[PDB]
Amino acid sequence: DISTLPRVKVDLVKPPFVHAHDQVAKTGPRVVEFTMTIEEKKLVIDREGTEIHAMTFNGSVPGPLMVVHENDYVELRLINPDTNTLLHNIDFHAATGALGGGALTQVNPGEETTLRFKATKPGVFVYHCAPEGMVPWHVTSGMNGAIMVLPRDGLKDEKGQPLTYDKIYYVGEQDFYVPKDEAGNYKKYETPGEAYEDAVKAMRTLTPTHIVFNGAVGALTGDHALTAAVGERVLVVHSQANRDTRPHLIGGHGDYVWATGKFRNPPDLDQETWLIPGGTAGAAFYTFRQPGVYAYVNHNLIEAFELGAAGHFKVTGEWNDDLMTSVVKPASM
């Protein structure tokens, strides 16, 4: 009986950060309430100042990561303010029935709705907008995120021993298809409704103009690099709602990887690079052994270094020469 369950309200954080949660559940099954407000906005996505009309959950690309446990109930209230122009909805890959909630959540601007579903399967999953006849348009404009459904006893390794992470980050990778003039210059629009027909043409090439982490080229660099220390255990959640990607930590590994993101499966060990199919969320666990700068990339290196799919980790701590050392520094021969 659902009225007898505990309720908890969770206030969501902006990616790549993740809202507070427990790995091992310290309570029984709850009804966990979240609220998201849809926000259509102008977004500057590269260093040349290219501008798209983004469709966002809670004003970010990607949408924020929601974290529950297995057999909790998720109760999302979804708000479309009348300052938006389009009909929107939500489809949870984590849910069972009604096109993932899509059929039940259709909100015109100035409407709201509340959905409940039981999270019956543990793993990281994609959520995304999916209105009838305009699904790729909304998803490739940034209207996607993820949800993590932890097992009630947390994560385990390929042996079934606990794996406890010290930090967790969420990396949403997004393929944009910006329309181009005859000479290849990026076009600009005043309304998202304006862009539509050119967007369909652009998408149909299957060749994105940009692929970025956290909504912009260099969004996870320098000032905004991800931080860790040597000896910390980090979980990186990574989603792609529409296209395949192949993550890789430069100077590191995926010690434990769930490449298709479902925790009832044993992880893959010692991965250099892993494939996350389009429409999936995955997770990699790593213990940092060395300090310094790392690059985290999609390892189609054209997609990384030309199109924008690259971020940084800056890691404090002691250097270990047994692992690696320069015997002879670069010198005249």
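In case it trips you up, residue 1 is the first one in the sequence shown, and so on. For the two forms, the rigid core is made up of the largest set of C-alpha atoms that agree within 1.5 Å on superposition.
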Original post:
Which of 102-110 and 130-138 lies farther, on average, from the shown form in 7 other deposited structures of this protein once the rigid core is superposed (C-alpha RMS)?
Top reply: 102-110
Original post:
Taking C-alpha RMS after core alignment, which stretch differs more from the shown form in 7 other deposited structures of this protein: 203-211, or 179-187?
Top reply: 179-187
Original post:
Between 129-137 and 203-211, which has the higher average C-alpha B-factor in the PDB entry?
Top reply: 129-137
**OP:** Take the C-alpha B-factors listed in the entry for 51-59 and for 293-301, compute each mean, and give the stretch with the larger one.
**Re:** 51-59
Original post:
Which one of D255, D244, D91, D153 shows the top CA temperature factor in the record?
Top reply: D153
**OP:** Kindly indicate the residue among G172, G218, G160, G101 with the greatest C-alpha B-factor in the PDB record.
**Re:** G160
Original post:
Considering only modelled residues of the same chain, in which third does the CA B-factor of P15 rank: lowest, middle or highest?
Top reply: middle
Subject >> Chain-relative CA temperature factor third for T113 >> reply: middle
**OP:** Just say lowest, middle or highest third for the CA B-factor of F176 relative to the other modelled residues in its chain.
**Re:** lowest
Subject >> Record-listed C-alpha B factor of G222: chain third >> reply: highest
Subject >> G145 - Cα temperature factor, lowest/middle/highest third of chain >> reply: lowest
